[PDB]
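Worksheet: one structure, shown below.
Note that each Cβ is placed from the backbone with ideal geometry, even for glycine, and that neighbours are counted across all protein chains shown. What follows draws every value from the coordinates through simple rules; no lab data is involved.
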Amino acid sequence: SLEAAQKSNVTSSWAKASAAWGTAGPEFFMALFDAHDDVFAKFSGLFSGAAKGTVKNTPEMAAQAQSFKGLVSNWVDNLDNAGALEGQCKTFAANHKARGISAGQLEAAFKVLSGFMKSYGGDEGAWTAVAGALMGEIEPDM
Ligand code: HEM
């Protein structure tokens, strides 16, 4: 279900993406927003109703990229600690469910992330396995 090699790949590839997140983070969000308009719709308050092709270089996007990195870094550092993973996922699920976000939408974010990580040496099958383990902890709380 989640092998030692899969965890090693996720950890090492995340460390490379993390080093470049200043530029990579906004590209990941744009990829997500172009593929799923229903996800971008949930960011209406943040972006003050602006069109999707204008948001990449705003301060708001830089802030969303920083929040995203901080949570994924916590998850990746605790891949052998289910108890810590569970706790972090419960908070995350509650906050997003409160905005009307669906489990399907979160899943879409993890599927875009898995392919986006190939650029940083990520094995997409490894990132899909880690997304599956985390969604099994998030989904029931949505
Ligand atoms: C793996 C997926 C994701 C991660 C790591 C992530 C992480 C976070 C974090 C750490 C925060 C700040 C804490 C909080 O207020 O909840 C945040 C806020 C937010 N996230 Fe997510 N997120 C994910 C997916 C999503 C998806 C798919 C959507 C929309 C459909 C979304 C919409 C939001 C919104 C609207 C906020 C508040 C923005 C603002 O400050 O106004 N996030 N997310």
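Is it the case, given these coordinates, that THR128 is in contact with a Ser or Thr (Cβ under 9 Å, 6 or more places away or on another chain) and among the hydroxyl-bearing types (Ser, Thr, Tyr)? Considered against the rule, which asks whether it is in contact with a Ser or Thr (Cβ under 9 Å, 6 or more places away or on another chain) and among the hydroxyl-bearing types (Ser, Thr, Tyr), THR128 comes out as yes.
Within segment 27-44, the residues that satisfy the criterion of being more than 14 Å from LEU113 (Cβ to Cβ) and buried (at least 17 other Cβ atoms within 10 Å of the Cβ) are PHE40, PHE43.
Among helices (runs of 4 or more DSSP H) entirely within segment 4-47, having at least 2 residues that are polar (S, T, N, Q), in contact with a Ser or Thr (Cβ under 8 Å, 6 or more places away or on another chain) and away from the ligand (no atom under 15 Å from the Cβ) singles out no element at all.
One residue stands out among those in segment 91-123 that are more than 9 Å from the ligand (Cβ to nearest atom) and among the aliphatic types (A, V, I, L, M): the one that is surrounded by the most Cβ atoms within 10 Å (Cβ to Cβ), which is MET117.
Counting the residues of segment 42-58 that are farther than 21 Å from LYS69 by Cα and of a type in the set (A, V, I, L, M, F, W, C) gives 2.
A quick yes/no check of all residues on (1) on the phi > 0 side of the Ramachandran plot; (2) touching a residue at least 60 places away in the same chain (Cβ under 8 Å); (3) of a type in the set (A, V, I, L, M, F, W, C); (4) assigned to a helix (DSSP H, G or I):
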residue	(1), (2), (3), (4)
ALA84	no, no, yes, yes
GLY87	no, no, no, yes
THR91	no, no, no, yes
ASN95	no, no, no, yes
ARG99	no, no, no, no
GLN105	no, yes, no, yes
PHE110	no, no, yes, yes
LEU113	no, yes, yes, yes
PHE116	no, yes, yes, yes
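Is it true that some residue in segment 12-20 is in contact with a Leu (Cβ under 9 Å, 6 or more places away or on another chain) and not β-branched (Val, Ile, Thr)? No, segment 12-20 contains no residue that is in contact with a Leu (Cβ under 9 Å, 6 or more places away or on another chain) and not β-branched (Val, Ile, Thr).
Of the residues making up segment 48-82, those that are among the small types (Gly, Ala, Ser) and either in contact with a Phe, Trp or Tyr (Cβ under 8 Å, 6 or more places away or on another chain) or part of a loop (DSSP other than H, G, I, E, B) (or both) are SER48, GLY49, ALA50, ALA51, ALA65, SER73. Hey, any hits in segment 56-66 for a residue that's near the ligand (Cβ under 10 Å from one of its atoms), touching a residue at least 40 places away in the same chain (Cβ under 8 Å) and of a type outside the set (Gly, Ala, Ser)? Checked against the condition, which is being near the ligand (Cβ under 10 Å from one of its atoms), touching a residue at least 40 places away in the same chain (Cβ under 8 Å) and of a type outside the set (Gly, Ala, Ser), segment 56-66 yields at least one hit. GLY70 meets all of the listed conditions (1) within 11 Å of the ligand (Cβ to nearest atom); (2) closer than 26 Å to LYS7 by Cβ; (3) surrounded by 14 or more Cβ atoms within 10 Å (Cβ to Cβ); (4) not acidic (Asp, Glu) but one, namely (3).
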